[PDB]
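target_19.pdb, holding PDB, C-alpha atoms:
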ATOM      1  CA  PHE A 165      97.284 -55.157 -76.775  1.00  0.00           C
ATOM      2  CA  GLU A 166      98.978 -53.494 -79.753  1.00  0.00           C
ATOM      3  CA  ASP A 167     102.779 -53.206 -79.796  1.00  0.00           C
ATOM      4  CA  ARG A 168     103.484 -53.841 -83.503  1.00  0.00           C
ATOM      5  CA  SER A 169     102.991 -57.562 -82.784  1.00  0.00           C
ATOM      6  CA  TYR A 170     100.680 -59.065 -85.394  1.00  0.00           C
ATOM      7  CA  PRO A 171      98.351 -61.726 -83.948  1.00  0.00           C
ATOM      8  CA  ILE A 172      98.034 -65.069 -85.710  1.00  0.00           C
ATOM      9  CA  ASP A 173      94.570 -66.644 -85.586  1.00  0.00           C
ATOM     10  CA  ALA A 174      95.934 -70.108 -84.892  1.00  0.00           C
ATOM     11  CA  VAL A 175      93.651 -73.137 -84.722  1.00  0.00           C
ATOM     12  CA  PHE A 176      94.841 -75.489 -81.977  1.00  0.00           C
ATOM     13  CA  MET A 177      93.756 -78.808 -83.487  1.00  0.00           C
ATOM     14  CA  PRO A 178      96.518 -81.441 -83.610  1.00  0.00           C
ATOM     15  CA  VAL A 179      93.947 -84.021 -84.701  1.00  0.00           C
ATOM     16  CA  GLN A 180      92.887 -82.939 -88.181  1.00  0.00           C
ATOM     17  CA  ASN A 181      89.854 -85.229 -88.282  1.00  0.00           C
ATOM     18  CA  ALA A 182      88.254 -88.052 -86.330  1.00  0.00           C
ATOM     19  CA  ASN A 183      85.443 -90.484 -87.054  1.00  0.00           C
ATOM     20  CA  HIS A 184      83.938 -93.563 -85.432  1.00  0.00           C
ATOM     21  CA  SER A 185      82.060 -96.512 -86.910  1.00  0.00           C
ATOM     22  CA  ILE A 186      80.022 -99.284 -85.296  1.00  0.00           C
ATOM     23  CA  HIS A 187      79.846-102.888 -86.493  1.00  0.00           C
ATOM     24  CA  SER A 188      77.212-105.079 -84.846  1.00  0.00           C
ATOM     25  CA  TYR A 189      77.509-108.871 -84.875  1.00  0.00           C
ATOM     26  CA  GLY A 190      74.758-111.263 -83.831  1.00  0.00           C
ATOM     27  CA  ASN A 191      74.907-114.946 -82.918  1.00  0.00           C
ATOM     28  CA  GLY A 192      71.201-115.502 -82.354  1.00  0.00           C
ATOM     29  CA  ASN A 193      71.247-113.831 -78.948  1.00  0.00           C
ATOM     30  CA  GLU A 194      74.844-112.557 -78.525  1.00  0.00           C
ATOM     31  CA  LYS A 195      74.623-108.931 -79.674  1.00  0.00           C
ATOM     32  CA  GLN A 196      78.173-107.611 -79.419  1.00  0.00           C
ATOM     33  CA  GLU A 197      79.313-104.337 -80.961  1.00  0.00           C
ATOM     34  CA  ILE A 198      82.670-103.464 -82.508  1.00  0.00           C
ATOM     35  CA  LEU A 199      83.853 -99.855 -82.366  1.00  0.00           C
ATOM     36  CA  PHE A 200      86.224 -98.457 -84.993  1.00  0.00           C
ATOM     37  CA  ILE A 201      88.085 -95.232 -84.218  1.00  0.00           C
ATOM     38  CA  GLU A 202      89.632 -93.365 -87.147  1.00  0.00           C
ATOM     39  CA  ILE A 203      92.118 -90.597 -86.333  1.00  0.00           C
ATOM     40  CA  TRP A 204      93.955 -88.148 -88.588  1.00  0.00           C
ATOM     41  CA  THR A 205      96.757 -86.133 -86.998  1.00  0.00           C
ATOM     42  CA  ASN A 206      98.993 -83.405 -88.396  1.00  0.00           C
ATOM     43  CA  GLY A 207     102.149 -85.186 -87.234  1.00  0.00           C
ATOM     44  CA  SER A 208     102.414 -83.334 -83.924  1.00  0.00           C
ATOM     45  CA  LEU A 209     101.398 -86.627 -82.291  1.00  0.00           C
ATOM     46  CA  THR A 210     100.878 -90.131 -83.615  1.00  0.00           C
ATOM     47  CA  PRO A 211      97.267 -91.349 -83.901  1.00  0.00           C
ATOM     48  CA  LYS A 212      98.048 -93.973 -81.265  1.00  0.00           C
ATOM     49  CA  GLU A 213      99.207 -91.206 -78.921  1.00  0.00           C
ATOM     50  CA  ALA A 214      96.111 -89.129 -79.684  1.00  0.00           C
ATOM     51  CA  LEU A 215      93.995 -92.156 -78.777  1.00  0.00           C
ATOM     52  CA  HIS A 216      95.645 -92.325 -75.351  1.00  0.00           C
ATOM     53  CA  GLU A 217      95.525 -88.574 -74.720  1.00  0.00           C
ATOM     54  CA  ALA A 218      91.846 -88.422 -75.659  1.00  0.00           C
TER      55      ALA A 218
ATOM     56  CA  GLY B  35     123.455 -83.836-134.827  1.00  0.00           C
ATOM     57  CA  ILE B  36     125.952 -86.261-133.322  1.00  0.00           C
ATOM     58  CA  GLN B  37     128.286 -84.542-130.857  1.00  0.00           C
ATOM     59  CA  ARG B  38     130.949 -86.111-128.648  1.00  0.00           C
ATOM     60  CA  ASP B  39     133.557 -84.788-126.242  1.00  0.00           C
ATOM     61  CA  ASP B  40     137.188 -85.875-125.850  1.00  0.00           C
ATOM     62  CA  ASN B  41     136.311 -88.996-123.835  1.00  0.00           C
ATOM     63  CA  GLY B  42     134.226 -90.271-126.771  1.00  0.00           C
ATOM     64  CA  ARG B  43     130.913 -90.378-124.904  1.00  0.00           C
ATOM     65  CA  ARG B  44     127.859 -88.843-126.569  1.00  0.00           C
ATOM     66  CA  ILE B  45     126.436 -85.571-125.230  1.00  0.00           C
ATOM     67  CA  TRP B  46     122.829 -84.718-126.045  1.00  0.00           C
ATOM     68  CA  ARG B  47     120.578 -81.788-125.205  1.00  0.00           C
ATOM     69  CA  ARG B  48     118.274 -82.709-122.322  1.00  0.00           C
ATOM     70  CA  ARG B  49     114.857 -81.700-123.643  1.00  0.00           C
ATOM     71  CA  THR B  50     113.083 -79.898-120.799  1.00  0.00           C
ATOM     72  CA  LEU B  51     109.868 -77.886-120.506  1.00  0.00           C
ATOM     73  CA  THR B  52     111.113 -74.365-121.206  1.00  0.00           C
ATOM     74  CA  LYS B  53     107.868 -72.557-120.365  1.00  0.00           C
ATOM     75  CA  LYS B  54     105.690 -73.057-117.275  1.00  0.00           C
ATOM     76  CA  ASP B  55     102.436 -75.014-116.994  1.00  0.00           C
ATOM     77  CA  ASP B  56      99.785 -73.442-114.769  1.00  0.00           C
ATOM     78  CA  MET B  57      97.816 -76.669-114.298  1.00  0.00           C
ATOM     79  CA  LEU B  58     100.945 -78.523-113.146  1.00  0.00           C
ATOM     80  CA  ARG B  59     100.927 -76.867-109.717  1.00  0.00           C
ATOM     81  CA  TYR B  60      97.119 -77.034-109.441  1.00  0.00           C
ATOM     82  CA  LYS B  61      96.717 -80.811-109.862  1.00  0.00           C
ATOM     83  CA  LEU B  62      99.578 -82.677-108.156  1.00  0.00           C
ATOM     84  CA  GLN B  63      97.984 -82.384-104.699  1.00  0.00           C
ATOM     85  CA  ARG B  64      96.018 -85.269-103.188  1.00  0.00           C
ATOM     86  CA  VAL B  65      93.284 -85.026-100.558  1.00  0.00           C
ATOM     87  CA  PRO B  66      94.267 -86.636 -97.235  1.00  0.00           C
ATOM     88  CA  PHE B  67      90.909 -87.636 -95.760  1.00  0.00           C
ATOM     89  CA  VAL B  68      89.403 -90.261 -98.072  1.00  0.00           C
ATOM     90  CA  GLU B  69      90.521 -93.350 -96.136  1.00  0.00           C
ATOM     91  CA  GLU B  70      86.975 -94.030 -94.944  1.00  0.00           C
ATOM     92  CA  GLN B  71      85.530 -93.435 -98.419  1.00  0.00           C
ATOM     93  CA  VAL B  72      87.896 -95.784-100.254  1.00  0.00           C
ATOM     94  CA  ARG B  73      87.312 -98.479 -97.633  1.00  0.00           C
ATOM     95  CA  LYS B  74      83.544 -98.021 -97.897  1.00  0.00           C
ATOM     96  CA  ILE B  75      83.627 -98.141-101.708  1.00  0.00           C
ATOM     97  CA  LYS B  76      85.511-101.444-101.756  1.00  0.00           C
ATOM     98  CA  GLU B  77      83.277-102.955 -99.069  1.00  0.00           C
ATOM     99  CA  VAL B  78      80.081-101.782-100.778  1.00  0.00           C
ATOM    100  CA  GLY B  79      81.238-102.980-104.195  1.00  0.00           C
ATOM    101  CA  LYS B  80      81.340 -99.770-106.239  1.00  0.00           C
ATOM    102  CA  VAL B  81      84.871-100.636-107.388  1.00  0.00           C
ATOM    103  CA  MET B  82      83.357-103.196-109.757  1.00  0.00           C
ATOM    104  CA  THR B  83      80.868-100.564-110.943  1.00  0.00           C
ATOM    105  CA  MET B  84      83.711 -98.461-112.331  1.00  0.00           C
ATOM    106  CA  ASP B  85      85.284-101.604-113.791  1.00  0.00           C
ATOM    107  CA  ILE B  86      81.985-102.565-115.435  1.00  0.00           C
ATOM    108  CA  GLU B  87      81.828 -99.176-117.146  1.00  0.00           C
ATOM    109  CA  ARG B  88      85.521 -99.358-118.054  1.00  0.00           C
ATOM    110  CA  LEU B  89      84.911-102.602-119.942  1.00  0.00           C
ATOM    111  CA  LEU B  90      81.947-100.997-121.716  1.00  0.00           C
ATOM    112  CA  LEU B  91      84.175 -98.102-122.812  1.00  0.00           C
ATOM    113  CA  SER B  92      86.139-100.417-125.118  1.00  0.00           C
ATOM    114  CA  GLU B  93      82.969-102.252-126.187  1.00  0.00           C
ATOM    115  CA  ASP B  94      80.849-101.556-129.264  1.00  0.00           C
ATOM    116  CA  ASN B  95      77.446-102.864-128.117  1.00  0.00           C
ATOM    117  CA  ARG B  96      76.514-103.305-124.468  1.00  0.00           C
ATOM    118  CA  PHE B  97      74.107-106.116-125.378  1.00  0.00           C
ATOM    119  CA  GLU B  98      76.950-108.095-126.946  1.00  0.00           C
ATOM    120  CA  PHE B  99      79.093-107.439-123.867  1.00  0.00           C
ATOM    121  CA  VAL B 100      76.584-108.985-121.462  1.00  0.00           C
ATOM    122  CA  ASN B 101      76.044-111.936-123.802  1.00  0.00           C
ATOM    123  CA  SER B 102      79.805-112.484-123.957  1.00  0.00           C
ATOM    124  CA  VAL B 103      80.055-112.190-120.167  1.00  0.00           C
ATOM    125  CA  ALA B 104      77.158-114.604-119.671  1.00  0.00           C
ATOM    126  CA  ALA B 105      78.644-117.029-122.201  1.00  0.00           C
ATOM    127  CA  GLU B 106      82.050-116.943-120.507  1.00  0.00           C
ATOM    128  CA  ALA B 107      80.471-117.217-117.053  1.00  0.00           C
ATOM    129  CA  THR B 108      78.580-120.328-118.156  1.00  0.00           C
ATOM    130  CA  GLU B 109      81.868-121.749-119.436  1.00  0.00           C
ATOM    131  CA  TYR B 110      83.527-121.148-116.056  1.00  0.00           C
ATOM    132  CA  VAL B 111      80.839-122.912-114.024  1.00  0.00           C
ATOM    133  CA  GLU B 112      80.781-125.947-116.333  1.00  0.00           C
ATOM    134  CA  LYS B 113      84.505-126.569-115.824  1.00  0.00           C
ATOM    135  CA  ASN B 114      84.462-126.020-112.041  1.00  0.00           C
ATOM    136  CA  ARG B 115      80.990-126.719-110.672  1.00  0.00           C
ATOM    137  CA  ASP B 116      82.085-126.628-107.022  1.00  0.00           C
ATOM    138  CA  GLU B 117      83.692-123.203-107.036  1.00  0.00           C
ATOM    139  CA  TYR B 118      81.120-120.543-107.993  1.00  0.00           C
ATOM    140  CA  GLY B 119      78.466-121.099-105.362  1.00  0.00           C
ATOM    141  CA  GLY B 120      79.259-118.921-102.374  1.00  0.00           C
ATOM    142  CA  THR B 121      81.794-116.160-101.804  1.00  0.00           C
ATOM    143  CA  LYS B 122      82.868-116.494-105.454  1.00  0.00           C
ATOM    144  CA  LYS B 123      80.357-115.827-108.228  1.00  0.00           C
ATOM    145  CA  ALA B 124      80.804-116.968-111.815  1.00  0.00           C
ATOM    146  CA  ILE B 125      79.899-113.586-113.307  1.00  0.00           C
ATOM    147  CA  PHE B 126      82.097-111.625-110.899  1.00  0.00           C
ATOM    148  CA  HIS B 127      85.030-113.902-111.713  1.00  0.00           C
ATOM    149  CA  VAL B 128      84.565-113.084-115.404  1.00  0.00           C
ATOM    150  CA  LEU B 129      84.513-109.349-114.699  1.00  0.00           C
ATOM    151  CA  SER B 130      87.602-109.562-112.485  1.00  0.00           C
ATOM    152  CA  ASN B 131      89.431-111.562-115.161  1.00  0.00           C
ATOM    153  CA  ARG B 132      88.464-109.163-117.953  1.00  0.00           C
ATOM    154  CA  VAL B 133      89.843-106.247-115.934  1.00  0.00           C
ATOM    155  CA  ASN B 134      93.008-108.218-115.162  1.00  0.00           C
ATOM    156  CA  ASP B 135      93.338-108.962-118.881  1.00  0.00           C
ATOM    157  CA  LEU B 136      93.594-105.216-119.525  1.00  0.00           C
ATOM    158  CA  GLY B 137      96.674-105.193-117.270  1.00  0.00           C
ATOM    159  CA  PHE B 138      95.132-103.918-114.024  1.00  0.00           C
ATOM    160  CA  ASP B 139      94.845-105.629-110.642  1.00  0.00           C
ATOM    161  CA  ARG B 140      91.636-106.694-108.907  1.00  0.00           C
ATOM    162  CA  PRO B 141      90.844-109.368-106.320  1.00  0.00           C
ATOM    163  CA  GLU B 142      89.495-112.591-107.778  1.00  0.00           C
ATOM    164  CA  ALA B 143      85.737-112.268-108.387  1.00  0.00           C
ATOM    165  CA  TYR B 144      85.873-109.108-106.218  1.00  0.00           C
ATOM    166  CA  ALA B 145      85.390-111.398-103.215  1.00  0.00           C
ATOM    167  CA  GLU B 146      86.132-109.886 -99.809  1.00  0.00           C
ATOM    168  CA  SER B 147      86.202-111.451 -96.352  1.00  0.00           C
ATOM    169  CA  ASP B 148      85.483-109.896 -92.947  1.00  0.00           C
ATOM    170  CA  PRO B 149      88.782-109.655 -91.020  1.00  0.00           C
ATOM    171  CA  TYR B 150      86.955-108.368 -87.922  1.00  0.00           C
ATOM    172  CA  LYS B 151      84.389-111.171 -87.734  1.00  0.00           C
ATOM    173  CA  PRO B 152      84.566-112.412 -84.117  1.00  0.00           C
ATOM    174  CA  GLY B 153      83.223-115.946 -84.405  1.00  0.00           C
ATOM    175  CA  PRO B 154      81.839-118.471 -86.886  1.00  0.00           C
ATOM    176  CA  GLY B 155      78.286-118.009 -85.615  1.00  0.00           C
ATOM    177  CA  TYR B 156      78.471-114.202 -85.627  1.00  0.00           C
ATOM    178  CA  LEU B 157      77.084-112.706 -88.839  1.00  0.00           C
ATOM    179  CA  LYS B 158      77.424-108.970 -89.426  1.00  0.00           C
ATOM    180  CA  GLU B 159      74.122-107.298 -88.609  1.00  0.00           C
ATOM    181  CA  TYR B 160      73.477-104.370 -90.949  1.00  0.00           C
ATOM    182  CA  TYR B 161      72.544-101.036 -89.364  1.00  0.00           C
ATOM    183  CA  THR B 162      69.506-100.110 -91.449  1.00  0.00           C
TER     184      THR B 162
END
As structure tokens - that is how I would like this structure written.
Amino acid sequence: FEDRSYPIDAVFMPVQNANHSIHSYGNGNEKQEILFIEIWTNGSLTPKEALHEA
Amino acid sequence: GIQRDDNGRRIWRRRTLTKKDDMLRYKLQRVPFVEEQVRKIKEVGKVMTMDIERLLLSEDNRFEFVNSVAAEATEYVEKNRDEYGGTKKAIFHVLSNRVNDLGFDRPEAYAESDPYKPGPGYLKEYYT
């Protein structure tokens, strides 16, 4: 409500940024894809931990 | 001028910035999210592009620079015929050496491998 407590418009992102990239490799007929996950965290959790939590 | 205390050691005034520099606090920060850009630049090959210009900065005529590079590249291939055919190029080796001569560090001939290549028969398809 309003009791002299000043609200803080806090953004709840512990992962500052994330991006994924795809590398495709062919062997004539063996089309396999390689996925790269790129994670930036603000230290509240390691990027390895954020990968598991996601 | 010369001033010493009882112990005989020399004491000198530590020259320090008396006033304050505005730009000092506005330029020491570094952006945190360029990991994908710097990796892309190296993989694409734009790192040599900056090096090519850097060499031209100390040059007087860009037509003499390319002639000198071509002359030195021809010299390299004559000595070692079976080296500059594939992943290593004669011209790129010259450019990498000329940058290293300035005192900086670059990979030889700017050659890069693919650490994530699965197998010998798998060649990286390019997503057009």
**Message:** Could you tell me which residues of chain B sit within 7 Å of chain A when counting all atoms listed in the file, and give me the result as number ranges by chain?
**Reply:** B: 155-159
**Request:** Find the residues around residue 179 (chain A) up to 10 Å (only C-alpha atoms counted), leave out those fewer than 2 positions away in its own chain, and share them as a ChimeraX atom specification.
**Result:** /A:176-177,181-182,203-211,214
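Between CA of residue 36 (chain B) and CA of residue 51 (chain B) lies a distance of 22.2 Å.
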**Request:** Expand the PyMOL selection byres ((chain B and resi 131) around 12) into the individual residues it matches in the shown file, reporting them as a PyMOL selection string.
**Result:** chain B and resi 82+85-86+89+103+106-107+110+124-130+132-144
**Prompt:** Please, what distance in Å, to one decimal, runs between CA of residue 98 (chain B) and CA of residue 122 (chain B)?
**Reply:** 23.8 Å
